[PDB]
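Sharing a structure, written as structure tokens. Questions coming.
We call the chains A, B, C, D, E, F, G, H and I, going by the order they appear; numbering starts again at 1 in every chain.
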Amino acid sequence: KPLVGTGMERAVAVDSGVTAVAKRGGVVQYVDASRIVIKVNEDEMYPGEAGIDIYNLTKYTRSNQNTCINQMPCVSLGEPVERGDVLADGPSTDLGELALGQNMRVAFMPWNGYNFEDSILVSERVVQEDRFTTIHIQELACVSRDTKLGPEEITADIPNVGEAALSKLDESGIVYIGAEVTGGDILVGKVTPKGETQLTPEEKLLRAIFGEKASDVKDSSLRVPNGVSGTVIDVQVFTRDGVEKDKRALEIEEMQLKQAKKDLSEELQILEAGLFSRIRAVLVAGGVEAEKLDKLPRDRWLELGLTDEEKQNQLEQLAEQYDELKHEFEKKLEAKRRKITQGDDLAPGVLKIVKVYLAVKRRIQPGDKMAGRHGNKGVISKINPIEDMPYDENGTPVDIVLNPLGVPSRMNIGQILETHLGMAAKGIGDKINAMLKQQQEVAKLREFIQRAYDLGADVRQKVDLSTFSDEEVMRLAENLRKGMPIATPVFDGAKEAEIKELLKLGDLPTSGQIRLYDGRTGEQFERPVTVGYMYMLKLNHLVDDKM
Amino acid sequence: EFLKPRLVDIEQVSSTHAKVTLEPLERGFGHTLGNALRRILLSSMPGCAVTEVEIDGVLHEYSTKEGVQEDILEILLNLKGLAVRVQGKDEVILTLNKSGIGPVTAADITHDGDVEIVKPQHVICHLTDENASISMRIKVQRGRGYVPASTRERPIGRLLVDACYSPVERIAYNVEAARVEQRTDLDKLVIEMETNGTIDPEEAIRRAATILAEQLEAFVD
Amino acid sequence: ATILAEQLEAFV
Amino acid sequence: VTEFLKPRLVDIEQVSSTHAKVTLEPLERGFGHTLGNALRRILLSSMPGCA
Amino acid sequence: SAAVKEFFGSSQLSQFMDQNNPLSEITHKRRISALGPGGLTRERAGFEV
Amino acid sequence: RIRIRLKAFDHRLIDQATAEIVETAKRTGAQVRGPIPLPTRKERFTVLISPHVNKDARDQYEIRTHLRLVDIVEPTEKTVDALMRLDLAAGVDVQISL
Amino acid sequence: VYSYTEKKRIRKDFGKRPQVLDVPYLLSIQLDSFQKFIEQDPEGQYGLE
Amino acid sequence: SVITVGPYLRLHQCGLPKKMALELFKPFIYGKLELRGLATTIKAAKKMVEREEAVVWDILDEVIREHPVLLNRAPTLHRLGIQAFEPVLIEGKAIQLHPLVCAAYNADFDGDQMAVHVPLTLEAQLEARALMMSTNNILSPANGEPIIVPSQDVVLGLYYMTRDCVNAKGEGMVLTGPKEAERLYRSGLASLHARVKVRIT
Amino acid sequence: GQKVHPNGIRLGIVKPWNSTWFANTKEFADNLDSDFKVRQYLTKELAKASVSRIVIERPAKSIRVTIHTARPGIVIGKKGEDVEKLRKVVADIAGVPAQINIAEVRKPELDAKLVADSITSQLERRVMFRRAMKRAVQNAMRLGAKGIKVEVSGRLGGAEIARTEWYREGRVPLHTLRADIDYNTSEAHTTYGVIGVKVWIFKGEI
């Protein structure tokens, strides 16, 4: 999250299309890493088409810039949600906010030259926590073209390749899903480059091998190059119609038939469960049967004792909806078997296209580019150990040591106010963590959170915790214990005296500067230095893409 | 005739962290032994972290399992943060089986007796259906420092997490004046460590002093 | 080195 | 797990007189500073003598 | 179909979206480009515009 | 009074098995009388090898047998607890007579 | 009053000027223009019409 | 590749990654491997460096020694934008470039990239050492002004070091040399700027 | 009547046994019964999978089979799905969960079994058997294995009378049990007989 934001994060997150905004509010029924089921409240609900919504999230798939556009569910089970609200966070989002990079403990001091021009010096505590470890996905395609002497072969029947290459391949050439490969293995086997080779005297004896007339055409299996690791997460096989499907392509066809069969059957089951819950909700009154309702099978909940009212009309409308779902499920499963079973129109003269998705995990190293949000760029220059970092008289090492000299020339003085206000935010977060780790009752937490939320001039927020009812305050403090987020709008922001008064609420020093010891010598730096939290971003100008 | 440091008081003020005391010390040796033992304790102490995980129905670590509201990658991070003690065993294989709606805490691991979990309230993941169950094998071993996955798996079902074999978190010494001895100009070294429960504090200060006195063996008699 | 080793013989 | 790279003085290039230059290798990725700092602080004061 | 497919396929304004951030999506869709057909290039423009 | 008998063939694989169960027991109970062995056991069998003739080709083979007994001294509710479903020696027959 | 995901983690807010018009839907240029283009409306008003 | 600082180097040498060093020096490594007798045919040597066994890194530290390389910033405007260094091998993927030399290249470290070129023949190694070495370019050819002027951190370190304040630790004490001046600064008995009569030679 | 196996005289002292688990005389039978006939069904399907040794170690109320091939991927079919098809056809046979260890070799062409069925995979169609052997023999010679004596049998060359010959290259231990040499044998039954094969490939010493 950003500790020091502008409150504009929710507009950019919700008003884009990476999060899964709820359409009709209600009660969550089933959360999963794949899907989310909302049961729609009755004061938002259509009379017909009984209705409980299913959000199919978009799991690990390729973006355009080879990032990893993921969606994670952020709601619990049994949880109420309102209309116009986030259910699943997207890439670089958190609880509906917008979290681009991560917020880290920064100090402005010259440290032994390793941050000379604009460079950045980062502790190993950052790379141990796996906190810039971005996930990239590369798509590798392989087409089966149509040339002379005949078409190509994708099968693993190949000579030369030792029983070391082919251990990572399926009996039918394609690498199976999950095989963690290196740079330069074989993903798809394709015997194709077939040239010419002589066989005179010495090699004429080599023509009298296994009776084979001559080994002229160069036996050779299309092997791939190096530079990248990865883990094969997804394999697609497209077949131009008429061509024989091999055993793997029939495996993928059975797999997707099974997935789509299960998915449409669960659509029918889940919407039928919502429809039967509607029938139970209608039959609470007007000819209710408390014991007789569950003696008979559940598909006949219509011929029970009830006159011509709105309720028998509603059961007839739900029978119309149910028979519509039955015949619709029949025709849609037939159409989906048609879509899976059919071929695809493709390039002129291609047999089949195999696409393989490698999923590299690139961590951080000397040479990547990090930057804050004010123009303070920099190539990270040395990934120090934990011990060498300047620590303070509490014990905590600083994570990143910037360079102070970039401030008076490159006039971005806003990063130092952002640093001081981030330290104020983390001071409030540390005091919440101290008041909660000691297992204190909710009264003292209510006191301190109320004092941290008033704190200012005539402002807009004006919250009070007296209408949160002793269980939300514990969960709000569970979310505030890693720091307290602070909005600062653009030209109407937090002045200096408000930052000072918030640094006085925590027990931090007023000037923002802590005296810091050294890690190497163990003796104090003179003239106490500026520490705080800056929200720094990793940019995708990495160093193992330029080298 | 230098006064020699002897451990005097081990104030176990909470379950994670303690405050050992080196006393007494001639002037100058406070900062020397403080910085030295801090740097040894943060550098290289024997921890007991985790290396391999094999969830049952999971091929690669980027997949998703039917019936758990976190990805397999998030389960690997939550198992990477597992605080576990082993007793007289290079490596060990822990087994986890759990079925039913609710959390899968760290106390649901079938403990092999010698293996001792030090924080049993640690959440791993959340099962979220009536018949949807995880069943994994966890591999926990000794080590020293930070051994990532890129340096060091044979079937396709193993999952390699990074290995942070490091028990301590925050070592802070605070030198201060001594008055117990009538002689003045003596110092007390008070070291507040921050363990995750896998290492006794006197054992930590003893291993740090053994490592440093092993390093000075190159040019001592 | 002799001074620093004699200042650690009460630990090891 | 308690086995480190035990070091040694590979050479004593004593430059001229009343001046030496003693190089010690190999230490861990962090023990050069702790032995240099320990020996530097002890030689500076602790070391006794007459004047 | 050739005209509308050539415009949406390769024009000077029908450009490839940088998908790597929610911010980059929502600020590439809100862009007032002066270039393209009925405008200028990097060589034609001076200092006024 | 509590007996841990171990039954296998070779002494070259049971030798790590008597090391794993006295030391893991020491970690917990630390109550054991030490491994007391048993005489090595031999099953020799001469068999005819020619397919239809010649009662002279008798080649001696033997399925060798070894037994080692651990005998922890005290019924410990920690030795048995930690070493219940645990035995390093593979392809072995353990007999934890409690 | 606050929405239920705004009682999870309510962001502290400085700021003095009381707002009167909230931020509009940020993708209204693209969606409103293309809704103006393809929409069944004659009198020669819609894009194709 | 992308450049980074590495302030431990001298102006005559620069850091160069091991992966780039094994790719740029493939024929020298092939020639060295064929001289020792470890392999026979050229193929064997290409398989050895394709596998990157344990013995080719000593071969690489043999060919890198005393062989300069031409570092080059991409907008080269004057002749000080191509300078020849000696490589020092880097665990990493970024060229470590000595900081003073940066003021010649107009190279900050905000995402810059530089190209390395290898002088193949023997006359070119001698031209890189005798004309284009970074120790040889210490004056700008446009004038008489030095181009290895200390740029930004180091002048702050000097300006804080050689200055004074009207009272500090050790005001007006007398010192028998600069060696015990540094000894009084390190032990904690004086301050870095405290006016003092010394005896200098 | 000659030629004892250096295999059977050297099992355990230098090279581990092909089965290691305890049984009583009374349960010697049922443990034995599973081992042969499923390895029969193993050699039926994984004949083309280039396998070297099948050690079956089945502890009391347990069974594990260490399959030692060099091309496992083709066997698994796809993400180890055919591996369970090896497991479903063995679980309801022996009545015990039989777990499968396909522990591979990095080097296929330095194995006694693979060179044996190499000529046998190419014997069906009439090959000049010398060059067929010579290729594999030379390959296995230059690849580090310091000794080879290789055999073929049957009626070689479409012959009628008895014929056998061997190709010596390197060290062959049969009176030194300390050194390391393996041996295997398969057969070739066709429309002309059974054309058989033995091998003695030497690896090394202590």
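List of remarks:
As a convention for this text, contacts are C-beta pairs under 8 Å (C-beta built on N, C-alpha and C of every residue); 3 or more make two chains touch, one makes a residue touch a chain.
Which chain is which protein? Per UniProt: F = Small ribosomal subunit protein uS10; I = Small ribosomal subunit protein uS3.
Between C-D and A-H, more C-beta contact pairs join the chains of A-H.
When chain centres are taken as C-alpha averages, the shortest distance to the whole-protein C-alpha average belongs to A.
Distance between chain centres (mean CA atoms), chain E to chain F: 80 Å. Centroids of chain F and chain H (each the mean of its C-alpha atoms) stand 66 Å apart. If you average the Cα atoms of chain D and of chain F, the two centres end up 55 Å apart.
If you average the CA atoms of chain A and of chain E, the two centres end up 29 Å from each other. With touch defined as above, residues shared between interfaces to two or more other chains in chain I number as follows: 79-80. Each of residues 30, 33, 37-38, 42, 45-46 in chain D touches at least two other chains. Residue positions of chain E touching 2 or more other chains: 26. By the document's touch criterion, interfaces exist between A-B, A-D, A-E, A-G, A-H, A-I, B-C, B-D, B-F, B-I, C-D, D-H, E-G, F-I. Touching chain D in their complex are the following residues of chain A: 385, 387-388, 520-522.
Residues 2, 26, 28-29, 31-32, 35-36, 39-40, 43-44, 46, 142-144, 207, 210-212, 214-219 of chain B are the ones touching chain D in the complex. Touching chain H in their complex are the following residues of chain A: 110, 112-119, 365-367, 369, 377-381, 403, 405, 523, 526, 541, 543-544, 546-547.
Note for the complex: chain I touches chain B at residues 79-80. The residues of chain H lying in touch with chain D in their complex are 183, 186-187.
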